[PDB]
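Here's protein-v3.txt, which has compact mmCIF, C-alpha atoms:
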```
# COMPACT_ATOMS: atom_id res chain seq x y z
CA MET A 1 -6.25 2.31 -14.04
CA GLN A 2 -5.99 -1.04 -12.30
CA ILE A 3 -5.32 -4.22 -14.25
CA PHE A 4 -4.61 -7.73 -13.03
CA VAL A 5 -2.08 -10.28 -14.28
CA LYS A 6 -2.72 -13.97 -13.61
CA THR A 7 0.27 -16.28 -13.13
CA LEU A 8 0.57 -20.05 -13.33
CA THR A 9 1.12 -20.35 -9.57
CA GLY A 10 -2.37 -18.95 -8.92
CA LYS A 11 -1.22 -15.53 -7.71
CA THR A 12 -2.69 -12.38 -9.24
CA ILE A 13 -0.48 -9.31 -9.70
CA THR A 14 -2.13 -5.88 -9.54
CA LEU A 15 -0.62 -3.18 -11.74
CA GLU A 16 -1.30 0.54 -12.13
CA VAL A 17 -1.17 1.40 -15.84
CA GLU A 18 -2.24 3.95 -18.47
CA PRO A 19 -3.86 3.12 -21.85
CA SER A 20 -0.88 4.84 -23.47
CA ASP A 21 1.59 2.49 -21.74
CA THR A 22 3.52 0.25 -24.11
CA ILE A 23 3.53 -3.50 -23.59
CA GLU A 24 7.25 -3.15 -22.83
CA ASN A 25 6.32 -0.64 -20.08
CA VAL A 26 3.95 -3.23 -18.61
CA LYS A 27 6.67 -5.88 -18.66
CA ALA A 28 8.99 -3.37 -16.96
CA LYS A 29 6.42 -2.93 -14.17
CA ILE A 30 6.20 -6.71 -13.74
CA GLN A 31 9.99 -6.84 -13.54
CA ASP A 32 10.00 -4.07 -10.91
CA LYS A 33 7.47 -5.94 -8.78
CA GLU A 34 8.25 -9.62 -9.41
CA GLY A 35 11.90 -9.67 -10.51
CA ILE A 36 11.01 -11.34 -13.82
CA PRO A 37 13.15 -10.24 -16.83
CA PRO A 38 10.97 -8.76 -19.60
CA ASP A 39 12.57 -11.11 -22.15
CA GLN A 40 11.18 -14.04 -20.16
CA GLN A 41 7.61 -12.67 -20.19
CA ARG A 42 4.83 -13.41 -22.65
CA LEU A 43 1.60 -11.57 -21.85
CA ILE A 44 -1.86 -12.54 -23.17
CA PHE A 45 -5.10 -10.61 -23.14
CA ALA A 46 -8.25 -12.47 -24.14
CA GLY A 47 -6.49 -14.90 -26.48
CA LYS A 48 -4.02 -12.43 -28.05
CA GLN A 49 -0.32 -12.25 -27.28
CA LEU A 50 0.76 -8.66 -26.59
CA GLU A 51 3.45 -7.23 -28.89
CA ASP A 52 6.13 -5.18 -27.13
CA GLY A 53 5.88 -1.98 -29.18
CA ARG A 54 2.07 -1.70 -29.07
CA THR A 55 0.09 0.07 -26.36
CA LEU A 56 -2.53 -1.23 -23.97
CA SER A 57 -5.19 0.68 -25.91
CA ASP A 58 -4.22 -1.15 -29.13
CA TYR A 59 -5.69 -4.23 -27.43
CA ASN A 60 -8.76 -2.55 -25.84
CA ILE A 61 -7.52 -3.40 -22.36
CA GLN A 62 -9.94 -1.86 -19.85
CA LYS A 63 -10.14 -0.94 -16.20
CA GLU A 64 -9.88 -4.18 -14.18
CA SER A 65 -8.99 -6.27 -17.24
CA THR A 66 -7.09 -9.47 -16.50
CA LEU A 67 -3.98 -10.49 -18.41
CA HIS A 68 -2.30 -13.88 -18.39
CA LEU A 69 1.48 -14.08 -17.87
CA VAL A 70 3.48 -17.10 -19.07
CA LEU A 71 7.22 -17.34 -18.43
CA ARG A 72 9.58 -18.86 -20.99
CA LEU A 73 11.47 -22.03 -20.16
CA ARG A 74 15.27 -22.02 -20.64
CA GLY A 75 16.37 -19.31 -23.12
CA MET B 1 1.50 13.24 -13.16
CA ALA B 2 -2.29 13.67 -13.39
CA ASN B 3 -4.16 16.70 -12.03
CA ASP B 4 -5.94 14.43 -9.49
CA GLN B 5 -2.52 13.83 -7.83
CA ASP B 6 -2.08 17.45 -6.65
CA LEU B 7 -1.84 17.41 -2.85
CA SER B 8 -2.41 21.19 -2.62
CA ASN B 9 -6.01 20.71 -3.82
CA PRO B 10 -8.20 20.96 -0.68
CA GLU B 11 -10.45 18.35 -2.32
CA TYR B 12 -7.65 15.85 -3.11
CA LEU B 13 -9.10 12.33 -3.05
CA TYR B 14 -7.05 9.83 -1.07
CA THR B 15 -6.01 6.62 -2.81
CA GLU B 16 -5.72 3.19 -1.21
CA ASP B 17 -1.96 3.70 -1.25
CA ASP B 18 -2.18 7.09 0.50
CA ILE B 19 -4.17 5.55 3.33
CA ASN B 20 -1.73 2.66 3.70
CA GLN B 21 1.29 4.95 3.75
CA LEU B 22 -0.30 7.12 6.47
CA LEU B 23 -1.27 4.19 8.69
CA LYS B 24 2.22 2.74 8.32
CA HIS B 25 3.69 6.13 9.26
CA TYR B 26 1.54 6.69 12.34
CA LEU B 27 1.11 3.06 13.47
CA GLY B 28 3.75 1.00 11.68
CA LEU B 29 6.63 1.29 14.14
CA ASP B 30 4.65 -1.13 16.36
CA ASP B 31 5.25 -4.49 14.64
CA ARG B 32 2.34 -6.11 16.54
CA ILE B 33 -0.31 -4.09 14.61
CA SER B 34 -1.51 -5.55 11.32
CA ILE B 35 -2.13 -2.77 8.81
CA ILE B 36 -4.44 -4.28 6.19
CA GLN B 37 -3.85 -2.73 2.78
CA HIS B 38 -6.45 -3.74 0.15
CA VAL B 39 -9.86 -5.08 1.17
CA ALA B 40 -13.21 -4.20 -0.39
CA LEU B 41 -16.87 -4.93 0.26
CA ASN B 42 -17.29 -6.22 -3.31
CA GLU B 43 -14.77 -9.05 -2.69
CA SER B 44 -16.53 -11.50 -0.35
CA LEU B 45 -14.02 -14.35 -0.64
CA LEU B 46 -10.95 -12.13 -0.29
CA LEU B 47 -12.66 -10.24 2.55
CA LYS B 48 -13.55 -13.41 4.47
CA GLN B 49 -10.02 -14.76 3.98
CA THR B 50 -8.39 -11.55 5.21
CA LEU B 51 -10.64 -11.34 8.28
CA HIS B 52 -9.96 -15.00 9.03
CA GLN B 53 -6.22 -14.34 8.82
CA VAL B 54 -6.45 -11.31 11.11
CA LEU B 55 -8.63 -12.95 13.76
CA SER B 56 -6.36 -16.01 13.69
CA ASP B 57 -3.28 -13.87 14.32
CA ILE B 58 -5.01 -12.06 17.19
CA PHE B 59 -6.31 -15.31 18.72
CA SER B 60 -2.96 -17.05 18.23
CA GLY B 61 -1.12 -14.05 19.82
CA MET B 62 1.03 -13.26 16.78
CA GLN B 63 -0.63 -9.83 16.60
CA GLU B 64 -2.29 -7.64 19.21
CA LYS B 65 -4.59 -5.63 16.93
CA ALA B 66 -5.32 -4.73 13.32
CA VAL B 67 -6.47 -1.67 11.38
CA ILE B 68 -8.61 -2.25 8.29
CA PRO B 69 -9.60 0.57 5.92
CA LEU B 70 -12.51 -1.20 4.25
CA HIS B 71 -13.40 0.10 0.79
CA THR B 72 -17.18 0.21 0.41
CA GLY B 73 -17.68 2.45 -2.61
CA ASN B 74 -16.57 5.38 -4.74
CA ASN B 75 -13.93 7.13 -2.60
CA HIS B 76 -15.62 5.72 0.49
CA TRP B 77 -13.70 3.87 3.20
CA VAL B 78 -14.97 2.76 6.58
CA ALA B 79 -12.74 2.28 9.60
CA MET B 80 -12.64 -1.21 11.09
CA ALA B 81 -10.28 -2.00 13.96
CA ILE B 82 -9.90 -5.33 15.76
CA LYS B 83 -8.29 -5.93 19.14
CA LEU B 84 -8.37 -8.02 22.32
CA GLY B 85 -10.77 -6.65 24.91
CA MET B 86 -10.54 -6.99 28.70
CA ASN B 87 -12.87 -10.02 28.92
CA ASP B 88 -11.06 -12.51 26.66
CA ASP B 89 -13.19 -11.35 23.73
CA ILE B 90 -12.45 -9.93 20.31
CA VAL B 91 -13.64 -6.32 19.99
CA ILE B 92 -14.52 -4.97 16.55
CA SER B 93 -14.84 -1.20 16.49
CA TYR B 94 -16.23 0.43 13.38
CA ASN B 95 -17.05 3.90 12.15
CA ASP B 96 -18.44 5.01 8.82
CA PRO B 97 -17.50 8.71 8.46
CA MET B 98 -20.95 9.16 6.88
CA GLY B 99 -22.67 7.85 10.03
CA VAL B 100 -24.27 4.80 8.38
CA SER B 101 -24.74 1.86 10.74
CA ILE B 102 -22.64 -1.24 10.19
CA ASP B 103 -25.93 -3.08 9.58
CA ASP B 104 -26.24 -1.45 6.14
CA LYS B 105 -23.12 -3.41 5.05
CA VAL B 106 -24.76 -6.82 5.18
CA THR B 107 -21.96 -8.60 3.31
CA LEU B 108 -19.55 -7.41 6.02
CA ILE B 109 -21.89 -8.34 8.87
CA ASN B 110 -22.72 -11.79 7.50
CA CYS B 111 -18.98 -12.26 7.00
CA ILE B 112 -18.30 -11.44 10.67
CA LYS B 113 -21.16 -13.57 12.01
CA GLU B 114 -19.92 -16.45 9.85
CA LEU B 115 -16.31 -16.04 11.02
CA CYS B 116 -16.75 -14.81 14.62
CA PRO B 117 -20.32 -14.58 15.92
CA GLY B 118 -18.88 -14.31 19.45
CA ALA B 119 -17.03 -11.09 18.68
CA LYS B 120 -18.23 -7.80 20.12
CA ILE B 121 -19.08 -5.03 17.66
CA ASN B 122 -18.82 -1.41 18.80
CA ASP B 123 -20.33 0.54 15.89
CA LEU B 124 -19.38 4.10 16.88
CA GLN B 125 -21.79 5.46 14.21
CA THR B 126 -20.52 9.06 14.17
CA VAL B 127 -21.14 11.47 11.30
CA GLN B 128 -17.85 13.21 10.52
CA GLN B 129 -17.49 13.57 6.76
CA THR B 130 -19.37 16.64 5.48
CA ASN B 131 -18.43 16.33 1.77
CA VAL B 132 -17.52 13.72 -0.80
CA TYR B 133 -13.73 14.05 -0.56
CA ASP B 134 -13.06 13.85 3.21
CA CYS B 135 -13.59 10.13 3.72
CA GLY B 136 -9.84 9.52 3.32
CA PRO B 137 -8.69 11.86 6.11
CA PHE B 138 -11.27 10.51 8.56
CA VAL B 139 -10.72 6.79 7.97
CA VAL B 140 -7.05 7.44 8.71
CA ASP B 141 -7.64 9.52 11.82
CA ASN B 142 -10.32 7.13 13.08
CA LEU B 143 -8.10 4.05 12.65
CA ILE B 144 -5.24 5.72 14.52
CA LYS B 145 -7.43 6.73 17.45
CA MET B 146 -9.24 3.39 17.58
CA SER B 147 -5.95 1.47 17.62
CA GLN B 148 -4.70 3.84 20.35
CA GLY B 149 -7.85 3.34 22.44
CA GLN B 150 -8.76 7.01 22.11
CA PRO B 151 -12.23 8.35 21.26
CA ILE B 152 -12.74 9.25 17.61
CA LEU B 153 -13.68 12.79 16.58
CA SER B 154 -17.29 13.69 17.36
CA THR B 155 -19.52 15.26 14.72
CA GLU B 156 -18.75 18.79 15.97
CA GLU B 157 -15.03 18.16 16.53
CA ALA B 158 -14.86 16.67 13.02
CA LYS B 159 -16.23 19.89 11.53
CA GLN B 160 -13.63 22.05 13.33
CA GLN B 161 -10.68 19.73 12.72
CA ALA B 162 -11.42 18.42 9.21
CA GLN B 163 -8.98 20.83 7.54
CA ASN B 164 -6.28 20.35 10.19
CA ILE B 165 -6.21 16.54 10.04
CA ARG B 166 -6.14 16.69 6.24
CA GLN B 167 -3.31 19.25 6.31
CA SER B 168 -1.02 17.25 8.55
CA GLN B 169 -1.74 14.01 6.63
CA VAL B 170 -1.05 15.54 3.21
CA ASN B 171 2.08 17.18 4.70
CA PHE B 172 3.31 13.65 5.38
CA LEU B 173 2.17 12.40 1.94
CA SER B 174 4.20 15.17 0.31
CA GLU B 175 7.35 14.39 2.32
CA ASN B 176 6.83 10.66 1.72
CA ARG B 177 6.60 11.11 -2.07
CA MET B 178 9.99 12.82 -1.97
CA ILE B 179 11.50 10.03 0.14
CA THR B 180 10.11 7.32 -2.16
CA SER B 181 11.39 9.15 -5.24
CA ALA B 182 14.88 9.47 -3.71
CA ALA B 183 14.83 5.82 -2.63
CA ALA B 184 13.79 4.78 -6.15
CA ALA B 185 16.56 6.85 -7.76
CA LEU B 186 19.09 5.31 -5.40
CA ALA B 187 17.73 1.82 -6.05
CA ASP B 188 18.16 2.37 -9.80
CA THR B 189 21.82 3.29 -9.43
CA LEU B 190 22.43 0.19 -7.28
CA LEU B 191 20.38 -2.33 -9.26
CA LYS B 192 22.09 -1.41 -12.61
CA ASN B 193 20.62 -3.65 -15.35
CA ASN B 194 19.59 -6.50 -13.04
CA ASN B 195 16.14 -8.05 -12.51
CA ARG B 196 16.96 -9.00 -8.90
CA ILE B 197 19.93 -8.50 -6.59
CA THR B 198 20.88 -10.32 -3.43
CA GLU B 199 21.55 -8.38 -0.26
CA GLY B 200 25.14 -9.57 -0.66
CA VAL B 201 25.40 -7.97 -4.09
CA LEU B 202 23.63 -4.89 -2.70
CA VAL B 203 26.36 -4.57 -0.07
CA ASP B 204 29.11 -4.87 -2.66
CA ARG B 205 27.45 -2.35 -5.01
CA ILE B 206 27.26 0.17 -2.18
CA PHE B 207 30.95 -0.45 -1.38
CA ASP B 208 31.91 0.08 -5.04
CA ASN B 209 29.58 3.01 -5.72
CA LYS B 210 31.44 5.99 -7.17
CA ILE B 211 28.81 8.64 -6.28
CA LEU B 212 28.27 8.30 -2.52
CA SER B 213 30.99 9.46 -0.13
CA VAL B 214 32.52 7.15 2.46
CA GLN B 215 30.40 8.77 5.17
CA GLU B 216 27.20 8.30 3.15
CA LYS B 217 28.01 4.65 2.43
CA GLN B 218 28.74 4.14 6.12
CA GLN B 219 25.42 5.63 7.27
CA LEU B 220 23.38 3.77 4.62
CA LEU B 221 25.03 0.45 5.39
CA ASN B 222 24.62 0.83 9.15
CA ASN B 223 20.95 1.64 8.58
CA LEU B 224 20.48 -1.48 6.42
CA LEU B 225 22.38 -3.73 8.84
CA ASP B 226 20.05 -2.72 11.67
CA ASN B 227 17.09 -4.56 10.12
CA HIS B 228 18.29 -6.38 6.99
CA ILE B 229 21.27 -8.24 5.52
CA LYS B 230 20.66 -11.32 7.71
CA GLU B 231 19.80 -14.09 5.24
CA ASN B 232 20.94 -12.82 1.79
CA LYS B 233 17.40 -12.26 0.50
CA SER B 234 16.92 -11.54 -3.20
CA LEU B 235 15.43 -8.07 -3.82
CA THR B 236 13.45 -6.49 -6.67
CA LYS B 237 13.31 -2.84 -7.66
CA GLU B 238 10.15 -2.57 -5.54
CA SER B 239 11.46 -4.25 -2.38
CA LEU B 240 14.82 -2.49 -2.61
CA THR B 241 13.03 0.85 -2.97
CA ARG B 242 10.93 0.07 0.13
CA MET B 243 14.04 -1.00 2.03
CA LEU B 244 15.93 2.17 1.10
CA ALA B 245 12.93 4.43 1.78
CA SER B 246 12.81 3.16 5.37
CA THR B 247 16.44 4.11 6.07
CA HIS B 248 17.34 7.19 8.09
CA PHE B 249 19.89 7.81 5.34
CA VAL B 250 17.33 8.39 2.59
CA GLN B 251 14.96 10.25 4.92
CA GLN B 252 17.75 12.65 5.92
CA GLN B 253 19.23 13.15 2.44
CA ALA B 254 16.29 12.71 0.04
CA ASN B 255 16.70 16.20 -1.48
CA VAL B 256 20.46 15.88 -1.90
CA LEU B 257 19.87 12.47 -3.52
CA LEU B 258 17.50 13.94 -6.12
CA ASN B 259 19.40 17.15 -6.94
```
Go ahead and render the structure in this file as structure tokens.
Amino acid sequence: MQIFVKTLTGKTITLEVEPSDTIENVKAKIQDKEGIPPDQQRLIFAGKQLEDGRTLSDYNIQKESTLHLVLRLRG
Amino acid sequence: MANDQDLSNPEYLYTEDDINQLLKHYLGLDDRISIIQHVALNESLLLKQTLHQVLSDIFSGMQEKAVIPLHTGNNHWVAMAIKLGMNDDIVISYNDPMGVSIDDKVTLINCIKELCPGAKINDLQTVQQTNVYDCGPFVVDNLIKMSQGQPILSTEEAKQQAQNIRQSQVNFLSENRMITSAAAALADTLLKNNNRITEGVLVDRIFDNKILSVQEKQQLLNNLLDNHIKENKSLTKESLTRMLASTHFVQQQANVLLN
């Protein structure tokens, strides 16, 4: 299924995912596409930060859901 | 892989990516053709912005023509092509493989009238698709013929050739999946643990690679130098894979690279 990730620069990333994908898997896909290290990524769905070892279905992410991506400063 | 990814299924349903890969294969050597990747009827703003961008590039001479597989519904794509006619006018040719007039897609029409009311619209309105799964093959074949200035398949020709055009397209899709998988494996070995790599680091990693022979490094690097390694761009896994997939090297050694 298709999900979208909003970024602070106003661009929307489109990802192809499975409900069984881990959050870490989703961060790996963002790294593959955007060059962003997973350790710099914090993902949010509907007011909940996404924990790396959970799956997309743990958060009831749906087809065409939108996530929010925030990058860490420094680190 | 999911069962709905099996190319041997005569009823395989094309994805947006399949269509894009086929148009790039059959039309993409000509840099002056815009191949539009993701545009849908249920995205009025994005659709108006993409059409504005395409018409601007054709008017401003940066592009000669454009092919647009427009997604209108469940597994349904319509073929829209845009080009410069012989009378200093923009010519919009269109065919729905179901034979529905362009007037049924009012959001598209009102978008074209709003953006270019002085464009000519050739709605070829030709029934071709005879089942729910053949929209993919025909949008691809239509866009190629329209951008070549050749007549699209008639209703009767479409019935005879439906299986042939699908066969040769999925033959490419199968070869292309292999090339992309090889390119992605090679990208992994070159990227190591990095989030991005510069073209300069890419060159040094190919030099230092302990798997490829001297002759393989030489072919790969000559391929890259032909179109890349000019400004030390920073690459991701995705853009490196695309770069490698386009090399003669990976196309000629994809199987060796995977086994």
Close residues, residue 250 in chain B itself excluded, 8 Å, all atoms listed in the file, min 5 positions apart in chain, as JSON, numbers by chain: {"B": [179, 182, 183, 220, 244, 245, 257]}
For residue 64 in chain A: contacts at 8 Å, all atoms listed in the file, fewer than 4 positions along chain excluded, given as JSON, numbers by chain: {"A": [1, 2, 3, 4]}
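Candidate residues B:120, B:242, B:237, B:52 were compared for distance to chain A, and the nearest is B:237, using all atoms listed in the file.
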Distance-based interface of chain A with chain B, 6 Å, counting all atoms listed in the file, as a PyMOL selection string: chain A and resi 32-33+35+37
Atom-to-atom span, CA of residue 90 in chain B and CA of residue 113 in chain B, Å: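 Computing the Euclidean distance for CA of residue 90 in chain B and CA of residue 113 in chain B yields 12.6 Å.
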Close residues, range 81-88 of chain B itself excluded, 9 Å, only C-alpha atoms, min 5 positions apart in chain, as an MDAnalysis selection string: chainID B and resid 54:55 58:59 63:69 93:94 120 143 146:147
Contacts of range 38-46 of chain B within 9 Å, all atoms listed in the file, excl. fewer than 5 positions in-chain, as a ChimeraX atom specification: /B:16-17,20,51,68-73,77,105,107-108,111
Length of the CA of residue 30 in chain B to CA of residue 95 in chain B vector [Å]: 22.7 Å
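Proximity to residue 15 in chain A was assessed for A:38, A:49, A:67, A:54 counting all atoms listed in the file; the smallest distance is recorded for A:67.
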Spatial neighbours of residue 136 in chain B, max dist 12 Å, all atoms listed in the file, sep filter under 6 positions, as a ChimeraX atom specification: /B:11-20,22-23,69-71,74-79,96-98,128-129,142-143,162,165-166,169-170
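The point (7.3, -0.1, -24.5) has these residues within 8 Å of it when only C-alpha atoms are used: residues 21, 22, 23, 24, 25, 26, 52, 53, 54 and 55 of chain A.
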d(CA of residue 137 in chain B, CA of residue 3 in chain B) in Å: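 Going from CA of residue 137 in chain B over to CA of residue 3 in chain B covers 19.3 Å.
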Quick one: range 40-67 of chain A from the block, N, CA, C and O atoms, as a PDB file, in the first residue's frame.
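The resulting file, part_17.pdb, is shown below:
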```pdb
ATOM      1  N   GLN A  40      18.535   9.726  12.483  1.00  0.00           N
ATOM      2  CA  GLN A  40      18.136  11.122  12.493  1.00  0.00           C
ATOM      3  C   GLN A  40      16.628  11.296  12.352  1.00  0.00           C
ATOM      4  O   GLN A  40      16.140  12.417  12.482  1.00  0.00           O
ATOM      5  N   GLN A  41      15.885  10.224  12.095  1.00  0.00           N
ATOM      6  CA  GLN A  41      14.464  10.310  11.778  1.00  0.00           C
ATOM      7  C   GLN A  41      13.587  10.073  13.008  1.00  0.00           C
ATOM      8  O   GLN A  41      13.764   9.085  13.728  1.00  0.00           O
ATOM      9  N   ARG A  42      12.609  10.950  13.221  1.00  0.00           N
ATOM     10  CA  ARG A  42      11.492  10.629  14.098  1.00  0.00           C
ATOM     11  C   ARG A  42      10.219  10.748  13.280  1.00  0.00           C
ATOM     12  O   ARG A  42       9.967  11.792  12.666  1.00  0.00           O
ATOM     13  N   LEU A  43       9.455   9.665  13.237  1.00  0.00           N
ATOM     14  CA  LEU A  43       8.213   9.585  12.483  1.00  0.00           C
ATOM     15  C   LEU A  43       7.035   9.696  13.433  1.00  0.00           C
ATOM     16  O   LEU A  43       7.088   9.155  14.543  1.00  0.00           O
ATOM     17  N   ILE A  44       5.970  10.379  12.978  1.00  0.00           N
ATOM     18  CA  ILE A  44       4.737  10.573  13.742  1.00  0.00           C
ATOM     19  C   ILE A  44       3.565  10.155  12.875  1.00  0.00           C
ATOM     20  O   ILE A  44       3.513  10.477  11.682  1.00  0.00           O
ATOM     21  N   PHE A  45       2.623   9.424  13.466  1.00  0.00           N
ATOM     22  CA  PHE A  45       1.347   9.210  12.822  1.00  0.00           C
ATOM     23  C   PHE A  45       0.258   9.676  13.774  1.00  0.00           C
ATOM     24  O   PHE A  45       0.111   9.124  14.870  1.00  0.00           O
ATOM     25  N   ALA A  46      -0.500  10.687  13.359  1.00  0.00           N
ATOM     26  CA  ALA A  46      -1.692  11.085  14.096  1.00  0.00           C
ATOM     27  C   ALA A  46      -1.384  11.283  15.582  1.00  0.00           C
ATOM     28  O   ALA A  46      -2.043  10.727  16.463  1.00  0.00           O
ATOM     29  N   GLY A  47      -0.328  12.043  15.860  1.00  0.00           N
ATOM     30  CA  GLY A  47       0.007  12.411  17.230  1.00  0.00           C
ATOM     31  C   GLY A  47       0.740  11.367  18.044  1.00  0.00           C
ATOM     32  O   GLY A  47       0.848  11.525  19.268  1.00  0.00           O
ATOM     33  N   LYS A  48       1.253  10.307  17.420  1.00  0.00           N
ATOM     34  CA  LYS A  48       1.989   9.267  18.130  1.00  0.00           C
ATOM     35  C   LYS A  48       3.329   9.043  17.447  1.00  0.00           C
ATOM     36  O   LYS A  48       3.370   8.717  16.259  1.00  0.00           O
ATOM     37  N   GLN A  49       4.420   9.212  18.188  1.00  0.00           N
ATOM     38  CA  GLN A  49       5.717   8.826  17.655  1.00  0.00           C
ATOM     39  C   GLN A  49       5.747   7.320  17.425  1.00  0.00           C
ATOM     40  O   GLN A  49       5.130   6.546  18.169  1.00  0.00           O
ATOM     41  N   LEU A  50       6.465   6.904  16.378  1.00  0.00           N
ATOM     42  CA  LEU A  50       6.496   5.506  15.952  1.00  0.00           C
ATOM     43  C   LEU A  50       7.765   4.834  16.473  1.00  0.00           C
ATOM     44  O   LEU A  50       8.879   5.267  16.155  1.00  0.00           O
ATOM     45  N   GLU A  51       7.593   3.782  17.272  1.00  0.00           N
ATOM     46  CA  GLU A  51       8.724   3.083  17.886  1.00  0.00           C
ATOM     47  C   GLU A  51       9.308   2.037  16.939  1.00  0.00           C
ATOM     48  O   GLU A  51       8.565   1.273  16.311  1.00  0.00           O
ATOM     49  N   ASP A  52      10.648   1.955  16.910  1.00  0.00           N
ATOM     50  CA  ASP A  52      11.373   1.323  15.799  1.00  0.00           C
ATOM     51  C   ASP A  52      11.040  -0.163  15.642  1.00  0.00           C
ATOM     52  O   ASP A  52      11.018  -0.687  14.517  1.00  0.00           O
ATOM     53  N   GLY A  53      10.813  -0.863  16.748  1.00  0.00           N
ATOM     54  CA  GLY A  53      10.534  -2.280  16.685  1.00  0.00           C
ATOM     55  C   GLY A  53       9.079  -2.670  16.527  1.00  0.00           C
ATOM     56  O   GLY A  53       8.775  -3.866  16.504  1.00  0.00           O
ATOM     57  N   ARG A  54       8.163  -1.706  16.448  1.00  0.00           N
ATOM     58  CA  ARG A  54       6.762  -1.981  16.168  1.00  0.00           C
ATOM     59  C   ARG A  54       6.533  -2.022  14.662  1.00  0.00           C
ATOM     60  O   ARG A  54       7.400  -1.661  13.863  1.00  0.00           O
ATOM     61  N   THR A  55       5.344  -2.463  14.277  1.00  0.00           N
ATOM     62  CA  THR A  55       4.965  -2.544  12.876  1.00  0.00           C
ATOM     63  C   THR A  55       3.974  -1.441  12.542  1.00  0.00           C
ATOM     64  O   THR A  55       3.391  -0.806  13.430  1.00  0.00           O
ATOM     65  N   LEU A  56       3.794  -1.208  11.239  1.00  0.00           N
ATOM     66  CA  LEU A  56       2.803  -0.225  10.814  1.00  0.00           C
ATOM     67  C   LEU A  56       1.402  -0.603  11.291  1.00  0.00           C
ATOM     68  O   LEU A  56       0.605   0.279  11.637  1.00  0.00           O
ATOM     69  N   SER A  57       1.087  -1.900  11.364  1.00  0.00           N
ATOM     70  CA  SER A  57      -0.259  -2.261  11.813  1.00  0.00           C
ATOM     71  C   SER A  57      -0.451  -2.015  13.307  1.00  0.00           C
ATOM     72  O   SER A  57      -1.581  -1.770  13.743  1.00  0.00           O
ATOM     73  N   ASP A  58       0.624  -2.030  14.106  1.00  0.00           N
ATOM     74  CA  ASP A  58       0.486  -1.659  15.515  1.00  0.00           C
ATOM     75  C   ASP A  58      -0.100  -0.267  15.693  1.00  0.00           C
ATOM     76  O   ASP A  58      -0.677   0.025  16.745  1.00  0.00           O
ATOM     77  N   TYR A  59       0.048   0.601  14.696  1.00  0.00           N
ATOM     78  CA  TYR A  59      -0.431   1.972  14.772  1.00  0.00           C
ATOM     79  C   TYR A  59      -1.671   2.216  13.928  1.00  0.00           C
ATOM     80  O   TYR A  59      -2.099   3.370  13.814  1.00  0.00           O
ATOM     81  N   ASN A  60      -2.253   1.165  13.340  1.00  0.00           N
ATOM     82  CA  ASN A  60      -3.432   1.293  12.471  1.00  0.00           C
ATOM     83  C   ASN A  60      -3.171   2.267  11.320  1.00  0.00           C
ATOM     84  O   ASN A  60      -4.025   3.066  10.940  1.00  0.00           O
ATOM     85  N   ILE A  61      -1.962   2.229  10.773  1.00  0.00           N
ATOM     86  CA  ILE A  61      -1.694   2.998   9.569  1.00  0.00           C
ATOM     87  C   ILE A  61      -2.428   2.324   8.412  1.00  0.00           C
ATOM     88  O   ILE A  61      -2.519   1.092   8.347  1.00  0.00           O
ATOM     89  N   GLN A  62      -3.051   3.129   7.556  1.00  0.00           N
ATOM     90  CA  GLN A  62      -3.931   2.648   6.505  1.00  0.00           C
ATOM     91  C   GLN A  62      -3.375   3.015   5.139  1.00  0.00           C
ATOM     92  O   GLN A  62      -2.413   3.777   5.012  1.00  0.00           O
ATOM     93  N   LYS A  63      -4.019   2.477   4.108  1.00  0.00           N
ATOM     94  CA  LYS A  63      -3.768   2.936   2.748  1.00  0.00           C
ATOM     95  C   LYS A  63      -3.951   4.445   2.660  1.00  0.00           C
ATOM     96  O   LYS A  63      -4.965   4.987   3.111  1.00  0.00           O
ATOM     97  N   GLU A  64      -2.943   5.119   2.098  1.00  0.00           N
ATOM     98  CA  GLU A  64      -2.924   6.567   1.905  1.00  0.00           C
ATOM     99  C   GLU A  64      -2.905   7.348   3.221  1.00  0.00           C
ATOM    100  O   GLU A  64      -3.225   8.538   3.237  1.00  0.00           O
ATOM    101  N   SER A  65      -2.506   6.720   4.326  1.00  0.00           N
ATOM    102  CA  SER A  65      -2.209   7.477   5.535  1.00  0.00           C
ATOM    103  C   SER A  65      -1.035   8.419   5.304  1.00  0.00           C
ATOM    104  O   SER A  65      -0.166   8.174   4.465  1.00  0.00           O
ATOM    105  N   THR A  66      -1.006   9.497   6.080  1.00  0.00           N
ATOM    106  CA  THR A  66       0.084  10.457   6.019  1.00  0.00           C
ATOM    107  C   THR A  66       0.830  10.457   7.345  1.00  0.00           C
ATOM    108  O   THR A  66       0.217  10.599   8.411  1.00  0.00           O
ATOM    109  N   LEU A  67       2.142  10.279   7.273  1.00  0.00           N
ATOM    110  CA  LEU A  67       3.022  10.402   8.420  1.00  0.00           C
ATOM    111  C   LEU A  67       3.701  11.759   8.383  1.00  0.00           C
ATOM    112  O   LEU A  67       3.765  12.418   7.346  1.00  0.00           O
TER     113      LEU A  67
END
```
